[PDB]
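The data below hold one chain only, encoded as C-alpha cells and taken in the form deposited in one PDB entry.
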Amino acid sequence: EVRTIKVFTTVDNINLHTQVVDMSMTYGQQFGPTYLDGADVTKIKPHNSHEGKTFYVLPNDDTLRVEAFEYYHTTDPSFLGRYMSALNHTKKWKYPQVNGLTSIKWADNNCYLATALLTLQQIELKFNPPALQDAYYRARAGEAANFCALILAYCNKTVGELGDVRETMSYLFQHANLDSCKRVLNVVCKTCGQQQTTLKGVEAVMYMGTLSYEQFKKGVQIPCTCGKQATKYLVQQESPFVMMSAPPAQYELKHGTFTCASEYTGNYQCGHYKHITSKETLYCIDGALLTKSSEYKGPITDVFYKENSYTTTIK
C-alpha cells in the first residue's frame, strides 16, 4: 500500500511549491537535500506530522533558481547548507533586549556577531537582498535567529568560528545600499607632492589605520613608494556614518564624541569582543551583560561616527 502526504518546498519560505511525497522514500530520494526549519531531513522518510509543512530545497528548476537569486542575491551552491546548518544553532541562542537594542547572549564564540548586530541598530543602513531586509526587521524586533544564520552564511563562517567585526561589517556593507557614499582623500609627500583619491560605496565609509575621525581630518602618516612618510587626510565625506578601524590598542572613548565602538581583548586567533555605545552615558554591552561608566579606556578596534557631509578647510 502506498501512502503519501502533501508538503511544500521552498527556497525563500514565501513562495511555496506543492509536492506529494511517498512516505516509503526519504526526502533525499525525492527532492535532494531537504531541510525543515534548519534540520537536515535528507535521510529521513516523511512523517504524518509533516503534512502541510514547508521544506527548504536546492534550486533544482529554473523557477526555484530565479526565486533563490531574487531573495538571497547569491548563486553559491553551498549557501543553503551553510544557512540551514547555522540556523539549527542560532534558533537556540537567546536575544535579550539590552538598553533597547537586540543583543545576543554569549554562545559559540558569537561575540563578534553580537557587536555587529548592536552596531547595525545604531547606524543608517538598508540591505539589498530581501532575505536580509526581512530577517533584519525581525531581528530589530527581537527574533534575530534567521538574521544571525544568514550573516554566518553570507560571511562563510560556521557557528563556533571566531570572526572579525571589521570583516563582518565589510560583508554586510557589500549587501547594503551605499551607492550615495563618497570619500575624497589627499596624500601629500614632500618628495612626490600631492595625490588625491576618490572612494565610493563600502570603501568610502571604512578606513583601516586609525580610530580617530578627527586625526583622519588632520592627517595620518603612511608609507610612500620613495621610502619617505607621506601625510593622508580627509578632503570630503558624504555618508550617514563612517567606520574607523585599527589593530587593537589602548584607546580612550569620550562620551558624546562617537556613536559606538568595538573592543577586542585577546590575540589574533582567540579573543572576545565587547560593544561600547555612547548614549546618556557610556554603556558597555557584552552579549547579555551591561555595565556603565563615565569614561572608557580599553583595546578598541572599531569606532563608528555619525556623518552627513564634511568638507575640509585644509586648502
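For every residue, the number given is its place in the sequence shown, counted from 1. Here the rigid core means the biggest group of C-alpha atoms that line up within 1.5 Å when the two forms are laid on top of each other.
Structural divergence in 4 other deposited structures of this protein between 220-228 and 181-189: following superposition by the core, 220-228 has C-alpha atoms lying farther from the shown form. Rigid core fits of the other structures in 4 other deposited structures of this protein place the C-alpha atoms of one stretch farther away on average; of 257-265 and 29-37, that stretch is 29-37. For the pair 187-195 and 81-89, the record assigns the higher mean C-alpha temperature factor to 187-195. Taking the PDB entry as given, 230-238 carries the higher mean Cα B factor of the two stretches 230-238 and 103-111. In the deposited entry, the Cα temperature factor of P223 places it in the highest third of its chain's modelled residues. Among the modelled residues of its chain, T42 has a C-alpha B-factor that falls in the middle third, as given in the PDB entry. Annotation for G32: C-alpha temperature factor in the middle third relative to the rest of the modelled chain, per the entry. Ranked by C-alpha B-factor against the other modelled residues of its chain, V57 falls in the lowest third. Placement of the Cα temperature factor of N48 within the chain: highest third of the modelled residues, per the deposited record.
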